[PDB]
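Q: Below are the structure tokens for one structure; questions will follow.
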Amino acid sequence: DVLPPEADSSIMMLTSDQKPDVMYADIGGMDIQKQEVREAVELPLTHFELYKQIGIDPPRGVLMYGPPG
Amino acid sequence: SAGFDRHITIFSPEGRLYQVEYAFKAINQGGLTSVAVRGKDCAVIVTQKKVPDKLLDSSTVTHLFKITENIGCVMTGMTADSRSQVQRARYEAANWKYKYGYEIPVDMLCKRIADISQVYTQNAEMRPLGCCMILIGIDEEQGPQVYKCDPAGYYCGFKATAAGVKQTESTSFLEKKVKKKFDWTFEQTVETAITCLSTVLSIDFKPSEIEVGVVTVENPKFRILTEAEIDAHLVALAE
Amino acid sequence: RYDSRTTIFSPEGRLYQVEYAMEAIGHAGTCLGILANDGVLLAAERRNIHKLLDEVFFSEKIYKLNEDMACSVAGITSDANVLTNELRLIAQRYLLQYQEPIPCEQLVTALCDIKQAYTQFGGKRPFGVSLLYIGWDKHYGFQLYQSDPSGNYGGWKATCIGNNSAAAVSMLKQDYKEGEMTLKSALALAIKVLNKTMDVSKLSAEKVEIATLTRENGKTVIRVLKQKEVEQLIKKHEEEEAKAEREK
Amino acid sequence: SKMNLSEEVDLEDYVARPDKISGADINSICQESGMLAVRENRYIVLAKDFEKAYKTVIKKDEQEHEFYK
Amino acid sequence: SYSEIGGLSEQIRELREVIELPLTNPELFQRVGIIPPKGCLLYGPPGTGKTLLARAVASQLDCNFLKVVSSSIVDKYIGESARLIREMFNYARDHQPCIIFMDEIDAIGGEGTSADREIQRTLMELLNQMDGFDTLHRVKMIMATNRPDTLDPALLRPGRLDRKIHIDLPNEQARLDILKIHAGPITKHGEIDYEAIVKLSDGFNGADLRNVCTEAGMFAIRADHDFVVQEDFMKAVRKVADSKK
Amino acid sequence: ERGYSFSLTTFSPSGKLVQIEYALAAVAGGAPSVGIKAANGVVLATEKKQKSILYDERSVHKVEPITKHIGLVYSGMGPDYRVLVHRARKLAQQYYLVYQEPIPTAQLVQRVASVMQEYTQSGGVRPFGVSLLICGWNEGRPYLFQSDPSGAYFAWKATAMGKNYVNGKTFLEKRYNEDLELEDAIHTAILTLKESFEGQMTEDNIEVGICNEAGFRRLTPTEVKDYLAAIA
Ligand SMILES: Nc1ncnc2c1ncn2[C@@H]1O[C@H](COP(=O)(O)OP(=O)(O)O)[C@@H](O)[C@H]1O
């Protein structure tokens with residue numbers, strides 16, 4: 001018998017009980033910053049067809065920078 | 001946050017002279033604090049006289065020094081450097097009077113003193129004097145003025161000021177007082193200073209525990225009130 | 001390591017602090033002198049061309065030393081200022097003592113003598129500024145002199161310092177003209193090299209400074225070209241460049 | 001939106017101040033104002049607590065040394 | 001108990017309000033609508049009793065207590081300094097509620113070298129552990145320091161170890177209470193002139209009074225056995241003055 | 001660069017005088033001050049915001065004169081600024097005693113920067129960690145110069161040092177037109193400090209010095225209050 005792999009929380013992959021509980025509406029403003037982040041790390045996972053329809057691979061990395069807090 | 005520090009002439013990467021910073025933290029080593037408050041027509045300074053023995057000659061324990069007949073100062077910091085600053089200020093005031101023909105305004109006094117302390121900050125020859133000068137005096141056409149001027153060489157005019165271990169608490173209490181504007185008469189000024197030191201120290205202030213110096217426009221002369229006078233002032237504060 | 005003081009000799013015999021001062025000229029501005037008979041020029045560059053910079057001097061990189069001497073500068077601003085002050089003082093001292101203009105080389109020798117002294121005595125950072133010299137004298141006429149923060153100097157016909165110095169000198173060698181170096185050709189060559197050694201193209205007139213020295217009726221008029229003549233010079237270079245594309 | 005604010009607490013007079021307070025500073029201003037209201041056993045945050053807390057999160061200088069300015 | 005530490009009534013009350021309230025009655029904080037505060041910063045002269053205060057809170061709350069010397073956690077080898085904080089916090093996750101009392105932070109809290117950037121890295125690890133991702137948790141920290149100006153401003157935030165409690169050297173009236181609590185257990189039928197001892201003990205710290213009591217007991221041990229005379233307290237104070245310097 | 005940042009007389013392998021850069025960083029962490037050059041004159045403004053109400057705001061002035069036609073402003077070490085202003089006044093008086101004409105702005109700034117360079121050439125003396133903005137009315141054209149601890153004097157038309165200086169320059173190049181006058185130069189200068197000054201603009205918090213045809217003069221609080229009520 002081959003057993004399914006065991007990599008559930010090897011390096012602290014967020015489990016179903018470790019959700020941050022922070023809604024998008026909970027955070028204030030950041031509309032442009034939300035849209036840019038949502039456009040590289042959330043949108044490609046769901047709507048990959050729309051990305052492939054233009055001929056661009058979705059951006060793979062984002063860097064949020066600014067003053068602390 | 002030690003930084004480069006070790007040489008006073010060496011700037012930190014962020015641009016702060018760490019060695020000059022430690023002079024301020026050397027100021028409050030003496031365990032005493034002095035409070036100055038400017039009234040409508042007078043300026044008063046109250047300091048801590050903590051004689052930790054019965055053998056000390058209480059006459060020479062004074063932190064108040066008379067630089068000139070019209071301007072007096074109180075010391076908060078290391079005693080030796082404070083005395084050295086007193087000696088330098090006396091020479092500076094005498095030189096001003098001999099060179100320009102009239103007594104030195106209190107502002108120019110440790111403008112010059114802070115200028116001397118600033119050269120000590122730049123040139124790596126003299127270790128900076130770890131003590132603050134609080135100067136009072138009646139100058140004509142501007143009335144009483146109070147000047148607190150630090151080892152780093154920054155001088156400014158204070159409606160009231162305090163330096164020592166209990167410096168932040170005292171200046172906060174003054175923040176509370178000077179704002180609810182009232183008639184800052186001489187008795188009110190002395191009361192404000194006494195309340196400052198008492199509230200920050202929570203001490204009943206036995207009359208041998210403090211030294212108050214008064215300069216008033218009516219008699220522009222540096223005077224240190226004797227024990228009986230400060231006892232009467234403390235009683236008037238009580239009721 | 002042996003770069004703690006300017007007076008420390010490395011085990012290989014190399015003054016590391018000096019060479020650190022030498023290589024630091026790469027951060028200095030681009031100033032070049034082209035080959036030219038009956039004239040000579042320097043072509044400087046203005047890095048700080050921000051619009052909020054009011055212009056009052058028009059010679060921030062071009063300095064006049066004597067009535068017949070002009071020098072550029074490439075290095076630390078304060079060092080360049082004190083060095084040019086000493087330059088003018090030495091030139092005027094020679095003029096007072098001999099009642100004759102300094103003969104070019106002896107002024108450059110004076111600066112290099114002063115400069116090397118900082119590289120020998122301790123407690124003084126070596127002067128990290130190299131500067132071209134132009135001038136005329138009754139001995140050798142027009143000359144171009146290369147100062148170097150080590151106190152080493154040298155006669156030159158075409159050289160440059162600062163950013164992209166190697167590219168500028170290589171390009172000056174590519175079209176190096178001996179003898180047939182008229183002032184118009186020298187100006188054209190200066191603009192042509194400045195077009196490439198400067199990263200920004202089109203060579204805007206306000207960002208390029210040319211100073212020329214010519215012998216006119218025994219007066220040695222030192223000229224700094226205004227915006228109009230620099231504009232027409234870059235226009236001439238642009239029209240010449242248009243013809244070069246006919247090969248394709 | 002989740003905090004219990006008195007009707008007299010007008011948030012606009014604090015957002016119009018020119019101080020460059022960060023989002024973390026804004027959350028500090030809110031949480032410490034609520035804490036101050038809690039200290040007095042009051043279950044409603046008043047404008048006085050908001051003004052008092054507003055002064056304690058924007059005075060970041062405090063110590064300084066008066067000679068760097 | 002909280003009565004064991006004497007003369008910090010105001011500071012004791014602020015620490016109770018900061019830490020005891022979110023762990024005992026969070027209903028007030030959730031009714032107001034604010035996330036419960038976590039962390040209190042006790043600063044003062046060394047030996048004044050901040051650790052005793054932390055133990056008193058951890059005893060009244062009947063919760064597990066972690067005491068750590070912050071100066072010990074900064075190890076020469078890279079990454080172990082932040083690793084210790086990481087293990088500490090993940091440890092507090094399993095055993096809840098937790099009082100994470102950290103000692104003098106000036107080593108950790110408050111630049112061109114690897115060893116200096118190590119302190120930066122462990123500082124970022126600390127601030128991430130207190131306020132940030134994973135679980136915001138309910139454990140509390142009694143992180144205490146000796147020099148408050150050195151502390152990083154970011155280390156002073158509401159959900160990030162707010163409330164700078166000042167614990168100065170034992171107050172003038174506090175000396176009497178401290179001597180009452182630490183000398184009362186010691187058998188002593190003779191009357192006490194406590195004011196004289198307090199005046200003879202100026203600049204003393206809380207531990208010094210306990211050493212005075214223990215050493216007075218020692219003087220009694222080297223003698224009859226019963227504490228009867230004030231001269232013993234005088235010489236105890238002097239030897240806890242000159243020999244403890 | 002890492003171990004050579006201490007000494008000011010030691011070149012880094014890239015030849016960077018790191019101590020001067022650290023002094024300039026100290027300059028960039030000072031109180032924001034702005035000066036702009038109008039076709040009518042030069043206006044300099046700074047924020048003298050005390051840490052408490054306890055201070056006498058009129059005691060120490062930041063916008064200060066050298067001669068009747070030249071004023072100074074700074075963003076950095078005030079104690080270092082005082083010695084600088086003293087030496088600048090001495091140098092101007094020395095020029096007046098020899099040439100009998102008032103110091104031109106260019107020359108005065110050159111010798112002040114030379115004084116600055118004197119403290120950045122040997123070990124044991126620290127660079128003057130303040131940057132100075134200098135005005136002047138002479139030979140019928142206004143001047144505005146900035147001198148840094150490095151000794152490099154510029155010819156700024158309009159600039160601002162201190163905290164949030166980048167945002168201050170960003171405000172400029174937007175509402176700064178060359179053909180303006182002094183009266184709106186005051187309004188522009190007050191606006192520039194507004195993007196950095198954290199608090200209400202009260203008459204004893206912003207000190208402005210106009211450097212006009214008649215000469216440089218520090219504005220009294222009443223006129224500053226008038227302009228501040230006009231802008232607000
Ligand atoms: N204010 C105080 N009241 C009573 N005992 C004290 C006080 N301060 C210190 N002590 C005694 O000193 C001992 C150690 O003090 P400690 O908590 O280490 O001080 P700190 O936390 O300032 O280092 C404790 O066992 C305690 O009995």
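Ordered as shown in the structure tokens, chains take letters A, B, and onward, while each chain numbers its residues from 1 and ligands are numbered from 1 in the order shown.
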Give as a PyMOL selection string the residues surrounding ligand 1 up to a distance of 7 Å, considering only C-alpha atoms and all ligand atoms.
A: chain E and resi 4-8+45-53+170+178+182+205-207+210
Q: Convert the current residue selection to file output with C-alpha atoms, as a PDB file, in the first residue's frame.
A:
```
ATOM      1  CA  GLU E   4       3.749  41.604  49.684  1.00  0.00           C
ATOM      2  CA  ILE E   5       5.163  44.264  47.358  1.00  0.00           C
ATOM      3  CA  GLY E   6       4.787  47.538  49.235  1.00  0.00           C
ATOM      4  CA  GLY E   7       4.422  51.110  48.036  1.00  0.00           C
ATOM      5  CA  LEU E   8       3.586  50.390  44.379  1.00  0.00           C
ATOM      6  CA  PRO E  45      16.190  51.028  38.969  1.00  0.00           C
ATOM      7  CA  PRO E  46      17.463  47.441  39.169  1.00  0.00           C
ATOM      8  CA  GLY E  47      16.306  45.324  42.091  1.00  0.00           C
ATOM      9  CA  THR E  48      13.231  47.475  42.725  1.00  0.00           C
ATOM     10  CA  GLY E  49      10.847  44.514  42.498  1.00  0.00           C
ATOM     11  CA  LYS E  50       9.486  44.285  38.938  1.00  0.00           C
ATOM     12  CA  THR E  51      10.066  40.520  38.885  1.00  0.00           C
ATOM     13  CA  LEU E  52       8.279  40.184  42.233  1.00  0.00           C
ATOM     14  CA  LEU E  53       5.385  42.148  40.740  1.00  0.00           C
ATOM     15  CA  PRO E 170      11.167  52.286  47.012  1.00  0.00           C
ATOM     16  CA  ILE E 178       8.506  46.913  52.825  1.00  0.00           C
ATOM     17  CA  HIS E 182       9.800  41.508  55.102  1.00  0.00           C
ATOM     18  CA  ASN E 205      16.323  49.143  46.606  1.00  0.00           C
ATOM     19  CA  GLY E 206      13.680  46.574  47.541  1.00  0.00           C
ATOM     20  CA  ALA E 207      16.082  43.633  47.703  1.00  0.00           C
ATOM     21  CA  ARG E 210      15.172  41.853  52.465  1.00  0.00           C
TER      22      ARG E 210
END
```
Q: Name all residues at most 10 Å from residue 196 in chain F (count only C-alpha atoms; drop same-chain ones fewer than 3 positions away) and give them as an mmCIF file with N, CA and C atoms, in the first residue's frame.
A:
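The resulting file, selection.cif, is shown below:
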```cif
data_model
loop_
_atom_site.group_PDB
_atom_site.id
_atom_site.type_symbol
_atom_site.label_atom_id
_atom_site.label_comp_id
_atom_site.auth_asym_id
_atom_site.auth_seq_id
_atom_site.Cartn_x
_atom_site.Cartn_y
_atom_site.Cartn_z
ATOM 1 N N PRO D 18 -3.333 67.984 10.659
ATOM 2 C CA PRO D 18 -2.269 67.760 9.667
ATOM 3 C C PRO D 18 -1.227 66.736 10.084
ATOM 4 N N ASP D 19 -1.310 66.184 11.294
ATOM 5 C CA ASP D 19 -0.293 65.246 11.753
ATOM 6 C C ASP D 19 -0.274 63.992 10.886
ATOM 7 N N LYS D 20 0.931 63.569 10.503
ATOM 8 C CA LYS D 20 1.112 62.410 9.627
ATOM 9 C C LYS D 20 1.139 61.130 10.463
ATOM 10 N N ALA F 31 14.641 70.510 11.642
ATOM 11 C CA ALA F 31 13.372 71.197 11.447
ATOM 12 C C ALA F 31 13.267 71.696 10.010
ATOM 13 N N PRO F 32 12.153 71.446 9.322
ATOM 14 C CA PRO F 32 12.039 71.872 7.921
ATOM 15 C C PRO F 32 12.009 73.389 7.802
ATOM 16 N N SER F 33 12.820 73.909 6.883
ATOM 17 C CA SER F 33 12.872 75.326 6.560
ATOM 18 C C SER F 33 12.905 75.490 5.047
ATOM 19 N N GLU F 47 10.124 76.491 10.842
ATOM 20 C CA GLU F 47 9.241 76.185 11.958
ATOM 21 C C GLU F 47 10.063 76.099 13.240
ATOM 22 N N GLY F 162 15.527 69.834 5.980
ATOM 23 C CA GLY F 162 14.862 69.355 7.174
ATOM 24 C C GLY F 162 13.999 68.134 6.912
ATOM 25 N N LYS F 163 13.127 67.849 7.880
ATOM 26 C CA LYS F 163 12.248 66.692 7.777
ATOM 27 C C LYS F 163 11.260 66.867 6.631
ATOM 28 N N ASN F 164 10.957 65.754 5.956
ATOM 29 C CA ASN F 164 10.043 65.741 4.814
ATOM 30 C C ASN F 164 10.481 66.735 3.743
ATOM 31 N N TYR F 165 11.795 66.823 3.523
ATOM 32 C CA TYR F 165 12.315 67.760 2.532
ATOM 33 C C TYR F 165 11.982 67.308 1.116
ATOM 34 N N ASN F 167 9.209 65.803 0.147
ATOM 35 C CA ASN F 167 7.848 66.263 -0.106
ATOM 36 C C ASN F 167 7.803 67.776 -0.282
ATOM 37 N N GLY F 168 8.670 68.500 0.428
ATOM 38 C CA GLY F 168 8.739 69.940 0.244
ATOM 39 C C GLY F 168 9.179 70.328 -1.155
ATOM 40 N N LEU F 191 2.883 77.843 2.610
ATOM 41 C CA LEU F 191 2.298 76.593 2.140
ATOM 42 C C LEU F 191 3.302 75.449 2.202
ATOM 43 N N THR F 192 4.566 75.723 1.873
ATOM 44 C CA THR F 192 5.561 74.656 1.817
ATOM 45 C C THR F 192 5.762 74.011 3.184
ATOM 46 N N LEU F 193 5.823 74.821 4.241
ATOM 47 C CA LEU F 193 5.982 74.267 5.582
ATOM 48 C C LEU F 193 4.706 73.579 6.049
ATOM 49 N N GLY F 199 0.683 70.272 13.053
ATOM 50 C CA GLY F 199 -0.071 71.058 14.007
ATOM 51 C C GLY F 199 -0.613 72.317 13.367
#
```
Q: With chain F as the partner and 6 Å as the cut-off, tabulate the residues of chain B that qualify, each row holding the nearest pair of atoms and their distance in Å to one decimal, using only C-alpha atoms, sorted by chain and rising number, as CSV.
A:
```
residue,atom,partner,partner_atom,distance
B:9,CA,F:126,CA,5.2
B:10,CA,F:6,CA,6.0
B:13,CA,F:22,CA,5.3
B:15,CA,F:26,CA,4.0
B:122,CA,F:126,CA,5.2
B:123,CA,F:125,CA,4.7
B:124,CA,F:124,CA,5.0
B:153,CA,F:79,CA,5.2
B:154,CA,F:79,CA,5.4
B:156,CA,F:60,CA,5.9
B:157,CA,F:56,CA,4.6
B:158,CA,F:55,CA,4.2
B:159,CA,F:54,CA,5.2
B:160,CA,F:54,CA,5.7
```
Q: For residue 214 in chain E, find every residue with an atom within 12 Å (counting only C-alpha atoms), except residues of its own chain fewer than 4 positions away, and show them as a PyMOL selection string.
A: chain E and resi 179+182-187+207-210+218-221+227+232-233+236-237+239-240
Q: Which residues are near residue 218 in chain B? Cut-off 10 Å, only C-alpha atoms, ignore same chain within fewer than 4 positions. Put them as a list in words.
A: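 Once the nearby chain positions are removed, what remains is residues 41, 42 and 138 of chain B.
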Q: Point out the residue among D:59, D:2, D:39, D:53 with the least atom-to-atom distance to residue 14 in chain D, counting only C-alpha atoms.
A: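 Closest to residue 14 in chain D of all the choices is D:53.
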Q: If we count only C-alpha atoms, which residues of chain B reach to within 9 Å of chain E? Please list them as a PyMOL selection string.
A: chain B and resi 1-4+12-13+52+202-203
Q: Identify all chain D residues at most 10 Å from chain B by counting only C-alpha atoms; ligands do not count. Present them as a list in words.
A: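 Taking only C-alpha atoms into account, residues 62, 63, 64, 65, 66, 67 and 68 of chain D sit within 10 Å of chain B.
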Q: Please, what distance in Å, to one decimal, runs between CA of residue 134 in chain F and CA of residue 224 in chain F?
A: 20.2 Å
Q: Rounded to one decimal place, report the CA of residue 34 in chain B-CA of residue 162 in chain B distance in Å.
A: 5.5 Å
Q: Enter the distance from CA of residue 247 in chain C to CA of residue 198 in chain C, in Å, rounded to one decimal.
A: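 Rounded to one decimal, the two atoms are 25.0 Å apart.
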Q: Would you mind telling me which residue in A:39, A:31, A:4, A:24 lies nearest to residue 51 in chain A when using only C-alpha atoms?
A: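 Answer, going by the shortest atom-to-atom distance: A:39.
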Q: Do you know which residues are at most 9 Å from range 7-19 of chain A counting only C-alpha atoms, after dropping those on the same chain fewer than 3 positions away, and could you put them as a ChimeraX atom specification?
A: /A:22 /E:134-135
Q: Apply DSSP to the structure's backbone, then extract all residues of range 58-195 of chain B labelled strand (DSSP E or B) and return them as a count of residues only.
A: 37
Q: With a distance threshold of 7 Å and counting only C-alpha atoms, extract the residues of chain E near chain D and express them as a PyMOL selection string.
A: chain E and resi 32-34+157-158
